[PDB]
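Peer 1: Enclosed are the sequence and the experimentally obtained structure.
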2 protein chains.
Amino acid sequence: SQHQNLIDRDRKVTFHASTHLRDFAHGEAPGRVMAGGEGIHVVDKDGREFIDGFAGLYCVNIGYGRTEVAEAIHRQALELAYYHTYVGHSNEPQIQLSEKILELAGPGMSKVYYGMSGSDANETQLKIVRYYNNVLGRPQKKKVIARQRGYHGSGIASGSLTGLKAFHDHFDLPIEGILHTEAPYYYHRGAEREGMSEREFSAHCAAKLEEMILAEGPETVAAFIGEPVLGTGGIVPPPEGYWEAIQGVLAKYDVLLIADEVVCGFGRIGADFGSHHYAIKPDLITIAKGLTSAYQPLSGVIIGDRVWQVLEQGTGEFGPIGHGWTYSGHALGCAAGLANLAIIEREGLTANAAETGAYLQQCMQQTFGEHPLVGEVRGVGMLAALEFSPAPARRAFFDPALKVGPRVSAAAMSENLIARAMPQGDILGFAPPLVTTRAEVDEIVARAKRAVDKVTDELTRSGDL
Amino acid sequence: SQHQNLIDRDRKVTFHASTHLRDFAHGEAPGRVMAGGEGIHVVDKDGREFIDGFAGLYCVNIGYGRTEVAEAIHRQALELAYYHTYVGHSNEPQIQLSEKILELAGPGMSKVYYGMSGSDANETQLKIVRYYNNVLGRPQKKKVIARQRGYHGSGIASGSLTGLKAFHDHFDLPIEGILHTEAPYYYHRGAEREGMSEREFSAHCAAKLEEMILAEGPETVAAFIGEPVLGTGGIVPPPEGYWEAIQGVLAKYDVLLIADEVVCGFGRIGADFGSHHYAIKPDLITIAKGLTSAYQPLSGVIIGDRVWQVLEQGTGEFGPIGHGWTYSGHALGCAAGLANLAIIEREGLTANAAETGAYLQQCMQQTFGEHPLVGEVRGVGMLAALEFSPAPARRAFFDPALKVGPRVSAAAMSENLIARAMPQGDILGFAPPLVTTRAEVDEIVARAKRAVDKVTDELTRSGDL
């Protein structure tokens, strides 16, 4: 077919993200050319239509095929596609978008700096943290604490913040000065902690954070970064009491709080930001993904009042800040951001994420809460996940070599449903577009059920369950 | 005016690249809202029209106002704006663009990996170098040598590669494992080396590189990164013999070569790549800017055959590579890339850059070669620069406090010419669009002369010459 001819051309020329590079180049690993889509559906080059239960990568939040966004980009392209935004230069969409972002983020947020990826936004965060402490005369106050199973990007420094092995192994990461405290992941607590409640587990996490700060010396610890809800690390809502306990420790030691809102931002869990939902009061916020629904690459750092004041002090002392990306503030990116945010507001998609997301949780709990392959059903808003187990009542894990998670994802693909096998475990993840309806939730759940049942039967017959 | 009211809105909400953040927020530093443009001209919100002698930031290479590129973006947006390109997934523009990129880069280049900025492409390069040596069982062979005054981006690791103070000071950079050898900058050689010819200075640079490699231990040195011609570090063509001597040293010690083509790529110096012009045979190539002429954010890493072979070996051993950006391979970015490259080909812009670029060099030499303020006139292709001096014959440098470079750039702005004051010196830089005609060169030069003469008269009167 034309589809396979295109794949075979691609094998000769493209290094793809998260791909078995040898097997893809040599024809053993599969490819797929995506060609269209509308709503929650994406279509491949053969015309095969899938329900995209993952919205790309937690990002096609307003759905596919938004002509309205294409027209917004085009109107701006016929005026000015690009000029730099260095040294006080701007474009009108960028100015308007900064206003809209700050309105959504709320009081306490001061300014926006633009990039193109969540990874580059976290590079910017790290430079800000270093500059902040140098300006304040605290040259040792520089270490940054992330968490096991956090996901913060895929570069050298941003990938050091990430707490997943795939982004460190063979790359000599993390770099110096980046530390990892406990995964905020109750279902993975040790067997010895079976009896812990969520709140006791949160207390344990806060105690370990405080111990880390004290062992390192509080005068050396600058910042803590966390997603409100773990995304790529497993779609894991925080345990009861977690954010209140963590914030108390950070305040005790004057440690900055960076909320990584790349997944949770702009409606994903039923609030404007995950920080709003969980009563997190960050000093700095990372955004991307749902900022433009992926129609253009755009990222942001939202700088709070406290840090901004010190950025003013530093530039007063030392001059213009030594930071910039050529495409920072790209007018077409900002035009897409404006159109995307206007659609979210006009269509009430944050409320749909809250209400239909609650329905998603209800349907997943009903369908999978007593399934013999499912150790945990979890989620919040338009995020959900199923973590598989050979013995749910014991929170047992499968031998990773059985590839249970990947196999369930592949079985879902055979039901024409895209749902992601999450890394470092056996977990089927869901992050559907925020336009998803209750009827579409029912169809996603029904297809997922057939896929989980199929792999359950295979594992029964092979003696692995 | 409406323009200043827009700027004043922006002062309250946006952190700009390379901006005096305090003075801009408080109304004491200027802004400018850019709103339109066609060809070599860019227009602000008041309708004031400038010749952009810097093509944005060395990047609007096919000129402003290309409705053809807007239409290509729009056509693809009506099909599919975005799906991820992870795990062997692709889109048709991405496949086509990989083929076109490799055709231009030439034999020996094998694959393309996509990002959004030159900075993120150099993050990828660093991960590749680490992975390569770990797979080969050389865990110690990891150091990366860049050069003083090189520019490789503005992140943590990418900014560590950069060899300019603004991207290090107050940020605690460079990170460990990154070294800086001699600036490839003949006019800045020490007074103790006044008598060196360019070839002698190149031999000196190669000797200092060998000295560094031997002092570090060759078994600990993994790679060397360089722009063929320094861009942001001063618009500095390499001295005669430089790339021949450096490449011999790198082969002698089994050090990989990364050519950073973000500025020189896609016609800027009159060849498809700067490496072609200077007979550089790199193992890895970084690309951005002229890849899309800034119409969409897009970057690339081009991986050569020998590095690709080890990426295959490593993925064969360890599985899919732990690297990805959400927006890698964005279909609208690749569509703009294809339209941009087709325009460069159809209009013969690489040849224009060679031919009209040579004319630019001649005009700059004739107008400024004996100008009392100009210590050096230099350039190649469509890159040119004037470095100012209080005594050209001594290669003397101004007290930076006089701000000669910034003053000349501001005087050029008063002639409605954008030409950049380069960092860390008194240098007026030029990187006009590759469509620039000979008559446009004459007008650029004439406006620059008026600006240079104005500041010369000020400094003559004040006794600073």
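Peer 2: Okay, I see it. Residues are numbered from 1 along each chain as shown, chains lettered A, B, ... in the order given.

Peer 1: Now do the helices for the stretch 151-300 of chain A: every range, in order, please.
Peer 2: For the stretch 151-300 of chain A, helices defined by DSSP state H, counting those that start in this stretch occupy the ranges A:157-161, A:198-216, A:242-252, A:274-278.

Peer 1: So which of those helices is the most surrounded?
Peer 2: Among these, the stretch with the highest mean neighbour count (mean count of other CB atoms under 10 Å in any protein chain shown) is helix A:157-161, at a mean of 29. Yep, even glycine has a C-beta here, placed from its N, CA and C like the rest.

Peer 1: For that helix, list the C-alpha coordinates in CSV.
Peer 2: Backbone C-alpha positions of helix A:157-161 (Å, rounded to 0.1, in the frame of the first residue of the first chain) are rendered in CSV as follows:
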residue,chain,number,x,y,z
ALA,A,157,18.8,19.4,32.7
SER,A,158,15.0,18.9,32.1
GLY,A,159,15.6,15.1,31.8
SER,A,160,17.6,15.2,35.0
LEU,A,161,14.5,16.6,36.8
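
Peer 1: Run through the neighbouring helices and strands of that helix.
Peer 2: Here helix A:157-161 touches helix A:118-135, strand A:178-181, going by 3 or more CB pairs under 8 Å, 6 or more residues apart in numbering or on different chains; DSSP states H and E.

Peer 1: circling back: now the helices of the stretch 151-300 of chain A as JSON lines including distance to residue A:350?
Peer 2: Listed next are those as JSON lines, based on distance: least, CB to CB, whole Å:
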{"stretch": "helix A:157-161", "distance to residue A:350": "27"}
{"stretch": "helix A:198-216", "distance to residue A:350": "26"}
{"stretch": "helix A:242-252", "distance to residue A:350": "20"}
{"stretch": "helix A:274-278", "distance to residue A:350": "10"}
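
Peer 1: out of these, which comes closest to residue A:28?
Peer 2: The closest of the helices of the stretch 151-300 of chain A to residue A:28 is helix A:157-161. By CB to CB, the value is 27.3 Å.

Peer 1: any idea which helix or strand carries residue A:36?
Peer 2: For residue A:36, the host element (DSSP states H and E) is strand A:32-38.

Peer 1: which strands and helices sit next to that strand?
Peer 2: By 3+ CB pairs under 8 Å, 6+ apart, strand A:32-38 packs against helix A:2-11, strand A:41-44, strand B:89-90, helix B:92-105.

Peer 1: Could you export those as a markdown table, including mean neighbour count?
Peer 2: Shown next, in a markdown table, are the helices and strands packed on strand A:32-38 (neighbours: other CB atoms under 10 Å in any protein chain shown):
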| stretch | mean neighbour count |
| --- | --- |
| helix A:2-11 | 17 |
| strand A:41-44 | 20 |
| strand B:89-90 | 25 |
| helix B:92-105 | 22 |
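
Peer 1: Residue A:430: which of these is closest?
Peer 2: Nearest to residue A:430, of all the helices and strands packed on strand A:32-38, is strand A:41-44, at 15.1 Å by CB to CB.

Peer 1: In the stretch 351-465 of chain A, what residue comes closest to chain B?
Peer 2: residue A:423 (8.8 Å; CB to the nearest CB).

Peer 1: wait, isn't that residue in contact with residue A:164?
Peer 2: Yes: with contacts counted by CB atoms under 8 Å, residue A:423 reaches residue A:164, the gap being 5.8 Å.

Peer 1: Overlap in contacts, the two.
Peer 2: Here residue A:423 and residue A:164 have A:232, A:233 as joint contacts, going by CB atoms under 8 Å, 6 or more residues apart in numbering or on different chains.

Peer 1: related to what we said a few turns ago, dump the helices and strands packed on helix A:157-161 into TSV; add distance to residue B:47 and mean neighbour count as well.
Peer 2: What follows is these, written out as TSV (distance: least, CB to CB, whole Å; neighbours: other CB atoms under 10 Å in any protein chain shown):
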stretch	distance to residue B:47	mean neighbour count
helix A:118-135	34	27
strand A:178-181	49	20
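
Peer 1: Just give the nearest non-adjacent residue to residue A:456, would you?
Peer 2: residue A:373 (4.6 Å; CB to CB, 6 or more residues apart in numbering or on different chains).

Peer 1: next one: residue A:262
Peer 2: Nearest in space to residue A:262, with sequence neighbours left out and distances taken as CB to CB, 6+ apart, is residue A:118 at 3.9 Å.

Peer 1: Who are the contact partners of that neighbour?
Peer 2: Shown in contact with residue A:118 (CB under 8 Å, 6+ apart): A:152, A:153, A:158, A:260, A:262, A:286, A:287, A:288, A:289, A:299, B:326.

Peer 1: ok, of those residues, which one's closest to residue B:169?
Peer 2: Looking across the contacts of residue A:118 and measuring by CB to CB, the closest to residue B:169 is residue A:158, at 21.7 Å.

Peer 1: so that closest one makes contact with residue A:119?
Peer 2: Yes: with contact defined as CB under 8 Å, residue A:158 reaches residue A:119; the gap is 4.2 Å.

Peer 1: what sits in contact with each of those two?
Peer 2: Residues touching both residue A:158 and residue A:119 (CB under 8 Å, 6+ apart): A:152, B:123.

Peer 1: quick one, what contacts residue A:18?
Peer 2: By CB under 8 Å, 6+ apart, the contact set of residue A:18 is A:166, B:86, B:87, B:320, B:321, B:322, B:323, B:324.

Peer 1: ChimeraX command to pick out the buried ones of these?
Peer 2: Applying 16 or more other CB atoms under 10 Å in any protein chain shown to the contacts of residue A:18 leaves a buried subset, and the ChimeraX line that selects it is:
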select /A:166 /B:86,87,320,321,322,323,324
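
Peer 1: Now secondary structure and distance to residue B:238 too, for the contacts of residue A:18, in CSV please.
Peer 2: Shown next, in CSV, are those (DSSP: H, G, I helix; E, B strand; the rest coil; distance: CB to CB, whole Å):
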residue, secondary structure, distance to residue B:238
A:166, helix, 39
B:86, strand, 38
B:87, coil, 41
B:320, coil, 39
B:321, coil, 33
B:322, coil, 36
B:323, coil, 31
B:324, coil, 35
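
Peer 1: Find the residue at the geometric middle of chain A.
Peer 2: The centre of chain A sits closest to residue A:263, judged by CA atoms, centre = their mean, with a distance of 3.5 Å.

Peer 1: what's the domain layout of chain A?
Peer 2: The record, using automatic domain parsing to delimit domains, assigns chain A the ranges A:32-62+A:348-462, A:70-346.
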